2 protein chains.
Amino acid sequence: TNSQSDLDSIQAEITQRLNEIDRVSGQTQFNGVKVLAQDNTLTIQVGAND
Amino acid sequence: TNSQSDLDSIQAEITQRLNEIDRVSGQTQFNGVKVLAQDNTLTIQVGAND
């Protein structure tokens, strides 16, 4: 039932939501560290030992 | 008993009724979807499942 003029608006919403989950993960930071932009290991020194 | 001048008028009525059932099915629509013009399946997503 949904027309193609409906699917244009639903696609406009879907691309805006996906641009938003690209933005909020692309530029978010704790102390200048992009948490979700790239994959890496953060190592925590939790002890006096090496 | 009916004369042929009668059958001309009855045929005029019958062709007008058939033009009307051609029109009201040719151009009727819910959200830009011609329901009776062509034969096809409308699938309803009635569940979260695919």
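Taken together, the values in this text are just the output of simple stated rules run on the coordinates, not laboratory data. Reconstructed Cβ throughout: ideal geometry from the backbone, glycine too, with neighbour counts over all protein chains shown.
Restricting the calculation to alpha carbons of chain B gives Rg and Dmax of 19.7, 66 angstrom.
Using +1 on the beta carbon of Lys and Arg, -1 on that of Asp and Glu, and nothing else charged, what's the dipole of chain A about the Cα centre, debye to 20?
The calculation lands at about 180 debye.
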